[PDB]
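In case you want the letters, here they are:
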Number of protein chains: 2
Amino acid sequence: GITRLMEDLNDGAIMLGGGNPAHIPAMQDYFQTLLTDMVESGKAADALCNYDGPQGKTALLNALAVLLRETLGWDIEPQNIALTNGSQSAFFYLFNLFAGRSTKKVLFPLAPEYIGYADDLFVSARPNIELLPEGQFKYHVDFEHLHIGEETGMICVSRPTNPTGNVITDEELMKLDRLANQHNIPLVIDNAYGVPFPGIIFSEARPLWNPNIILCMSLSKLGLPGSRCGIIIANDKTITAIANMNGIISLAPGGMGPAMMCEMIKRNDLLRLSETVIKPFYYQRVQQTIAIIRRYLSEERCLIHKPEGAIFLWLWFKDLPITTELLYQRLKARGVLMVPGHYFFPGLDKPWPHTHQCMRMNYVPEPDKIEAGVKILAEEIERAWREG
Amino acid sequence: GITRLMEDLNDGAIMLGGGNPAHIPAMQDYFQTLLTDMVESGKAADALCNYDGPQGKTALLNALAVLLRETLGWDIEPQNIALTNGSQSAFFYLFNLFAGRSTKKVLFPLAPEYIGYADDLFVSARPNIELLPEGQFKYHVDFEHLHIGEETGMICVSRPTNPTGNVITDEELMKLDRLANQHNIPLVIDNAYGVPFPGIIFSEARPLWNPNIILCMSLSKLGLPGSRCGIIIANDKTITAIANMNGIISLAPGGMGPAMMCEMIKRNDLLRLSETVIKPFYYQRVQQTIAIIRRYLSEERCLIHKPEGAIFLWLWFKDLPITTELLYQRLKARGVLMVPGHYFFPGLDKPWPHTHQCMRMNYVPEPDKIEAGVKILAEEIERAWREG
Ligand SMILES: [Cl-]
Ligand SMILES: [Cl-]
Ligand SMILES: [Cl-]
Ligand SMILES: [Cl-]
Ligand SMILES: [Cl-]
Ligand SMILES: [Cl-]
């Protein structure tokens with residue numbers, strides 16, 4: 001299933017099934033100038049020609065520590081930070097450190113989640129659904145049926161979330177934090193899209209960190225998908241354990257990402273760009289894309305998860321009389337690619353027809369491409385309701 | 001043991017225990033000019049700001065294929081090439097693909113090897129020893145006692161080798177190639193230091209590739225230890241399997257390495273620099289370092305593995321009356337770090353005192369540092385022979 005999807009998603013197509021960020025003109029200009037300065041000062045060469053240069057992993061651990069300490073008041077030191085090749089390698093280490101053979105599992109208390117899609121070890125909890133105005137909706141943690149036991153090795157959430165754009169509420173997160181502490185297991189939060197960088201969040205969300213939290217951050221959604229710089233923030237024992245693993249599997253970041261981050265932090269540009277350039281760009285783009293969708297599909301044929309952050313729209317074709325696996329084939333035959341939703345719910349205790357009524361799209365591509373894709377989508381949704 | 005070593009090797013020290021390449025002035029100048037051109041042309045920004053840009057993984061697979069096809073006559077296509085974060089992530093995938101649970105093992109037919117050091121799954125064969133002039137020696141495959149069975153998942157060698165600088169002979173390699181084929185298992189060759197790049201080889205060695213060979217190459221020893229670009233050359237089925245894994249664990253390379261390689265290949269500089277700048281630099285440096293050693297230690301107190309390639313000298317303190325684990329502590333107390341040899345022989349069928357009489361050093365650091373380290377080494381060797 002996923003292998004074919006990956007093949008399709010690679011091999012005038014309207015490609016709305018990917019996870020790459022936008023090319024924001026102001027950001028491209030910023031990076032071009034930054035790179036020009038760094039090459040001219042010798043810093044680019046230092047980054048590539050040294051295993052751990054003056055702006056290497058070590059300088060960055062110090063810079064990130066100072067940044068988080070001074071901007072948010074978090075008691076972080078370099079010993080609380082580890083760097084990886086990206087988000088996905090970060091989770092591979094965590095899963096190995098806390099899950100597997102007693103045999104422990106990773107609990108996703110608020111499915112759907114992307115890492116489950118990307119990678120018997122995963123257990124997804126079915127979320128509650130809150131219907132919202134304008135044909136929107138929001139998933140919630142169902143605490144009444146949330147099962148955490150001796151076999152749970154870690155609790156994992158993202159904020160904001162790929163694929164829904166959901167932002168788990170302060171109350172939900174604090175409850176999960178209390179449960180994790182009570183069960184002596186870590187609460188892992190994927191912050192690839194959140195604050196302080198890249199800041200692709202459109203809703204309220206109080207930041208959270210304490211020694212029982214493992215926080216994953218990344219440089220890629222800043223508009224540097226070609227750099228490979230994942231960041232893990234955790235208690236020093238966890239960081240030490242991660243140190244060892246990265247030493248063996250060797251999925252450390254290259255030098256250019258860390259060097260660029262050091263420079264952006266030094267110039268006091270990292271937070272500024274996230275809040276004043278990146279966030280507004282995506283907020284406008286998500287609003288424009290919803291408006292395009294609504295010209296073709298009402299709430300009677302498409303419910304949209306409230307877009308609280310990240311770069312996706314999660315579409316729920318409520319009561320669609322065919323599956324989105326079938327819809328996907330029909331769209332593909334017409335040159336439109338989106339991701340079937342079922343793939344983001346691995347490990348549910350019980351099957352749920354809902355998983356076959358959703359799809360994920362990326363709202364970043366140019367609007368003419370978005371509109372052409374949406375027009376075809378609406379035609380296929382109409383066809384399904386008319387004739388199966 | 002290894003954890004402490006790693007801590008020591010990190011935490012006016014004479015650090016001869018690392019594996020980083022030299023900073024060759026002509027190469028630093030070359031990279032500075034190349035980076036300047038790439039930033040000015042937009043290519044650096046393209047590499048970092050795109051997940052798979054114009055000089056991304058795809059352009060590089062094509063470029064490397066054309067390079068190997070036209071320079072060596074190898075029937076390689078892009079489907080025979082996979083990119084990784086480096087040598088070490090490359091082997092993690094291979095070990096997972098061919099070894100482990102029947103349960104299969106990785107055979108090192110010519111120990112000592114570095115990947116065994118870096119990472120019940122490994123079996124090392126004891127090599128034969130050939131004494132050579134000038135107090136040198138060379139390890140050889142002991143075919144008479146080489147055991148390959150149903151439980152062998154793959155055969156793994158490097159050429160030239162970390163930690164010895166050994167270059168397995170054409171005859172030894174062809175025999176291993178025939179054995180691998182006969183047992184229907186791959187022959188994996190780590191070419192991090194060999195031809196066509198970076199070309200840090202000082203002996204004859206006929207290149208070898210056929211569909212049952214898996215060849216690992218890297219950009220780091222070209223003098224780009226901050227880039228993260230490992231290359232695997234293998235039959236398309238193997239490459240496809242590796243594709244999947246890298247998709248999940250996500251240890252793909254960042255964009256800058258591949259982009260720089262594409263540019264060097266396009267400019268016809270990659271092979272030229274390896275043969276005319278890199279190789280002669282290291283050849284002179286290895287000869288100079290041996291001469292320094294010989295001013296302090298004769299063949300009666302230090303045998304040196306014939307330096308046939310790579311960036312290390314492997315020292316055998318023949319019949320030393322203390323172990324090199326103990327010698328290491330004594331050197332460390334005096335500010336000199338080298339690697340105890342025992343760590344490069346995991347999985348020997350039988351213990352071998354020889355493993356406790358060797359050490360690895362890196363001959364790249366500046367000669368004043370080399371000489372200060374060697375002087376201390378000779379004093380400690382003399383002390384051991386005089387008083388234990
Ligand atoms: Cl600069
Ligand atoms: Cl509406
Ligand atoms: Cl916009
Ligand atoms: Cl250029
Ligand atoms: Cl001599
Ligand atoms: Cl030289």
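Residues numbered from 1 in each chain as written, not as in the entry; some residues may be left out. Chains lettered and ligands numbered in written order. Heavy atoms only, no water. Residues with missing side-chain atoms left out of burial classes, pairs and counts.

In terms of determination method and resolution, the entry is listed under X-ray crystallography at 1.80 Å.

Formally: UniProt positions are given in the numbering used here, feature names are shortened, and annotations may be inferred rather than shown by experiment.
The name the PDB entry gives chain A is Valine-pyruvate aminotransferase, with Salmonella typhimurium as the organism. Readers searching the PDB will find this entry under the title "Crystal structure of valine-pyruvate aminotransferase AvtA (NP_462565.1) from Salmonella typhimurium LT2 at 1.80 A resolution". The record in UniProt for chain A states the following under Cofactor (unreviewed entry): "pyridoxal 5'-phosphate".

**Considerations on the interface of chain A and chain B**
Rules: The contact definition used throughout considers only heavy atoms, calling two residues in contact when any of these lie within 4.5 Å. Numbering of helices and strands runs from the N terminus; a helix is a DSSP stretch of H or I covering at least four residues, while a strand is a stretch of E covering at least two. Side-chain classes follow a simple rule in which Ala, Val, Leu, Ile, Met, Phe, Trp, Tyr, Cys and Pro form the nonpolar group, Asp, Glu, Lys and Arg form the charged group, and the remainder, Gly included, forms the polar group.
Tallying the contact residues gives 39 residues for chain A and 39 residues for chain B. Elements that contribute at least two residues to the side of chain A that touches chain B include exactly α2 (25–41), α3 (43–49), α5 (87–98), α8 (236–249) and α9 (256–266) of chain A. Across the side of chain A that touches chain B, the residue classes tally to 20 nonpolar, 17 polar and two charged.

**Things to note about the pairing of strand β12 (residues 312–316) of chain B**
Residues and elements named next belong to chain B. Rules: A 1.4 Å probe rolled over the protein chains alone gives each residue an accessible area, and that area as a share of the maximum for its type sets the label: buried under 20%, exposed over 50%, partly exposed in between. By definition, two strands form a pair when at least two bridges between them are found by DSSP.
Among the five residues that make up β12, five are buried, leaving the element largely enclosed by the rest of the structure. Of the two faces of β12, the one lined by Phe312, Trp314 and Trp316 and the one lined by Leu313 and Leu315 are each fully buried. Direction of pairing for strand β11 (residues 303–305) relative to β12: antiparallel, over a ladder of two bridges. Bridged to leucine 303 within β12 is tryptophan 316. As consecutive antiparallel partners, β11 and β12 are separated by six residues, and within that stretch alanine 310 has a phi angle of approximately 65°, a positive value. Inspection of the sheet shows β12 paired to strand β15 (residues 358–362) by five bridges, in the antiparallel sense. What sits directly across from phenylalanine 312, in β15, is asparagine 362.

**Brief notes about the packing of helix α10 (residues 270–296) of chain B against helix α12 (residues 367–387) of chain B**
Residue and element names in this part refer to chain B. Put simply, the rule is: Note on definitions: angles span 0 to 180 degrees between N-to-C directions of axes, and those axes are lines fitted to C-alpha atoms, for helices only across the stretch in contact. In what follows, roughly perpendicular refers to angles from 65 to 115 degrees, roughly parallel to angles under 35, roughly antiparallel to angles over 145, and oblique to any angle outside these ranges. Crossing handedness is read from the near helix: turned anticlockwise from the far helix by less than a right angle, it gives a left-handed crossing, and turned clockwise, a right-handed one.
In the contact formed by α10 and α12, the axes pass within 9 Å of each other and the chain directions differ by 30°. Considered as vectors, α10 and α12 are oriented roughly parallel to each other. The crossing of α10 and α12 is right-handed. Side by side, α10 and α12 meet where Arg285, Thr289, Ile292, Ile293, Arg295 and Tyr296 of the first sit next to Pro367, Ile370, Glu371, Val374, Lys375 and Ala378 of the second. When its residues are assigned to classes, the contact of α10 with α12 shows seven nonpolar, one polar and four charged.

**Here's the deal with the nonpolar core**
As a reminder, the rule being used: We define a nonpolar core as any set of buried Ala, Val, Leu, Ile, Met, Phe, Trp, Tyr and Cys residues linked to one another through side-chain atoms lying within 4.5 Å.
In this structure, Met261(A), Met264(A), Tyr282(A), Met261(B), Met264(B) and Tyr282(B) are the most contacted members of the largest nonpolar core, which totals 235 residues. If we skip the residues at most four places from it in the chain, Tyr282(A) touches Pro21(A), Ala22(A), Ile24(A), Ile200(A), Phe202(A), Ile311(A), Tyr363(A) and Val364(A). Residues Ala90(B), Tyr93(B), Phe122(B) and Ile239(B) belong to the second largest nonpolar core, which totals 22 residues.

**Description of the packing of aromatic side chains**
Put simply, the rule reads: The criterion for an aromatic pair is that two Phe, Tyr or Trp rings (for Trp, the six-membered ring) have centres within 6.5 Å, with stacked assigned to planes under 30 degrees apart, edge-to-face to planes over 60 apart and tilted to the rest. Geometrically, a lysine NZ or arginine CZ counts as sitting over a ring once it is within 6 Å of the ring centre and also within 35 degrees of the ring normal.
In this structure the tally under the stated criterion is 33 aromatic pairs over all chains. Relative to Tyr282(B), the ring of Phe281(B) has its centre 5.4 Å away and its plane inclined at 85°; by these criteria the two rings are edge-to-face. Across the pair, exposure class does not vary: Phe281(B) and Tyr282(B) are buried alike. Cluster of aromatic residues (ring-pair linked, three or more members): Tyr114(A), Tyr117(A), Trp314(A), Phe344(A), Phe345(A) and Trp352(A). For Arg301(A), the ring lying beneath its charged end belongs to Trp385(A), and the centroid distance is 4.1 Å.

**A look at the pattern of salt bridges**
Selection rule: The term salt bridge refers to a pairing of a side-chain nitrogen on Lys or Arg with a carboxyl oxygen on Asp or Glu at a separation within 4 Å.
Counted according to the given criterion, the structure contains 30 salt bridges over all chains. Ionic pairing is found between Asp319(A) and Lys318(A), a salt bridge with its closest N-O pair at 3.0 Å. With a closest N to O distance of 3.9 Å, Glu275(B) and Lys279(B) form a salt bridge. On the criterion of helical spacing, the pair formed by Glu275(B) and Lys279(B) is a turn pair, its members being four residues apart in helix α10. Among the charged side chains, a network of salt bridges with common partners joins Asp37(A), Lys43(A), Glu263(A) and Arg267(A).

**Observations regarding α12(B)**
Put simply, the test is: Any helix carries an expected span of 1.5 Å times its number of residues minus one.
With 21 residues, α12(B) should reach 30 Å at 1.5 Å per residue; the first-to-last C-alpha distance of 30 Å fits that figure. Just downstream of α12(B), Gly388(B) is the residue with a positive phi angle, here 70°.

**Let's talk about the relation of the copies chain A and chain B**
Applicable threshold: All copies share one frame, set by a least-squares fit on their C-alpha atoms.
When chain A is brought onto chain B, the operation consists of a screw motion whose angular component is 180° and whose axial shift is 0.0 Å, with 0.0 Å RMSD remaining. Such values leave the two copies arranged in the relation of a two-fold axis. Scanning chain A for the C-alpha nearest the rotation axis identifies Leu251(A), at a separation of 2.9 Å. When the interface residues of chain A are mapped onto chain B, 100% of them again lie at the interface, so the same face is used by both copies.

**Brief notes about the environment of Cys358(B)**
Residue and element names in this part refer to chain B. Mapped onto the fold, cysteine 358 is located in strand β15. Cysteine 358 sits 148 residues away from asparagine 210 along the chain, and the two C-alpha atoms are 35 Å apart. Setting aside its immediate chain neighbours within four residues, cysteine 358 contacts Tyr139, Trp314, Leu315, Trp316, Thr324, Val339, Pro340 and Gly341.

**Quick notes on the side chain of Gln357(A)**
Rules: Under the rule applied, a polar contact is a pair of N or O atoms within 3.5 Å (in protein, one hydrogen donor and one hydrogen acceptor; residues adjacent in sequence only if both atoms are side-chain atoms).
With respect to the helices and strands, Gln357(A) occurs in the loop between β14 (339–340) and β15 (358–362). In terms of polar contacts, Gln357(A) uses its side chain to reach the side chain of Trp316(A), at 3.1 Å.

**Points about the domain arrangement of chain A**
Residue and element names in this part refer to chain A. To keep it simple, the criterion reads: Domain segmentation is taken from an automatic or database assignment of domains.
Each assigned domain of chain A is listed with its residue range as follows: domain 1 (1–49 + 274–380) and domain 2 (50–273). Once you take the C-alpha centre of each, domain 1 and domain 2 turn out to be 21 Å apart. Listed by partner, the interface residues are 58 residues for domain 1 and 61 residues for domain 2. Contributions of two or more residues to the side of domain 1 that touches domain 2 are made by α1 (2–10), α2, α3, α10 (270–296), β11 (303–305), β12 (312–316) and β15. Its residues assigned to classes, the side of domain 1 that touches domain 2 shows 39 nonpolar, seven polar and twelve charged.

**Looking at the state of the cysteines**
All names here are of chain B. The condition is simple: Any two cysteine sulfur atoms within 2.5 Å of one another count as a disulfide.
If you walk through the whole model with that rule in mind, you get zero disulfides over all chains. Lacking any disulfide linkage, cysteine 229 is separated from the closest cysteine sulfur, that of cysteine 262, by 9.1 Å. Judged by its relative accessible area of 2%, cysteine 229 falls in the buried class.

**Let's talk about unusual backbone geometry**
The omega angle of the peptide bond from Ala111(A) to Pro112(A) is 5°, so this bond is cis rather than trans. Relative to the helices and strands, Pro112(A) resides in the loop between β3 (105–108) and α6 (114–118). Going from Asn162(A) to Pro163(A), the amide bond is cis rather than trans, its omega being 15°. Tracing the backbone through its elements, the reader meets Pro163(A) in the loop between β7 (152–158) and α7 (170–182). A positive phi angle is found at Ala310(A), which is not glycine, with a value near 65°. If you trace the backbone, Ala310(A) turns up in the loop between β11 and β12. The phi angle at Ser250(B) is positive, at roughly 60°, despite the residue not being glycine. With respect to the helices and strands, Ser250(B) occurs in the loop between α8 (236–249) and α9 (256–266).

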